[PDB]
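Here is the structure we will look at, set down as structure tokens.
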Amino acid sequence: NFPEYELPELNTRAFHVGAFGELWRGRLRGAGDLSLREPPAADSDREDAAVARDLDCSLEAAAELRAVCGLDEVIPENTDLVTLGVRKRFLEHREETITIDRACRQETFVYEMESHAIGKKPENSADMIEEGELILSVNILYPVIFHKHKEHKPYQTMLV
DNA sequence: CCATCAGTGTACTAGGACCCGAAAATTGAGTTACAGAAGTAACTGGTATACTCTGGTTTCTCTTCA
């Protein structure tokens, strides 16, 4: 069944997870969007033929699209935008209020827990997961260990 | 040079009042009984602080004997 907001922005209606995964794998069935492969002049011609086949255009038009839509750090930042200006001001104020300016232990902790296993390939390739496996991001609320854990409920999230 | 030892830069508590909304509960009117208790709303004595002549007083010349 379709997941839809039961509450405006807090909660969905009860829906079967298997049905939802099947809807998704049905709408992406054999479209090449669920690959789980790593990202890889002769290929240019095949790509242009594919674009001509999928967009009903000419090989010349496909090559033109491939050329024009091409992709289009350095800490210096000038000629700012709104949020870029806010970031510049924040950076300058931090440069004068802080003396060591390195990632706090909680920042590195949250990051190194989040990005602990990303792109980690299976050693066996027999425990490789199938294309389309519906990872659920549960988060289990810690019990009330400290008294203040009633106010702001700490949780640990698991990618089931 | 590897010991030691403040500071530091933060999310994570610790008290510490305080607030926001929801849900339950009450209040309120309407009736009609019921008995009795509050709850004012009414006339009717009762005794004191001024008060107003008044009864006595007081010299002060005189009245009446003596």
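Chain identifiers are assigned as A, B, and so on, following the order in which chains appear in the structure tokens; residues are numbered from 1 within each chain, and ligands are numbered from 1 in order of appearance.
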Could you list, as a PyMOL selection string, every residue of chain B that has an atom within 8 Å of an atom of chain A, counting only C-alpha atoms (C1' of nucleotides)?
chain B and resi 9-11+13-14
Report, in Å with one decimal, the straight-line distance from CA of residue 139 in chain A to CA of residue 1 in chain A.
22.8 Å
Rank A:159, A:3, A:123, A:128 by their smallest atom-to-atom distance to residue 140 in chain A, using only C-alpha atoms, and report the top residue only.
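Residue with the minimum atom-to-atom distance to residue 140 in chain A: A:159.
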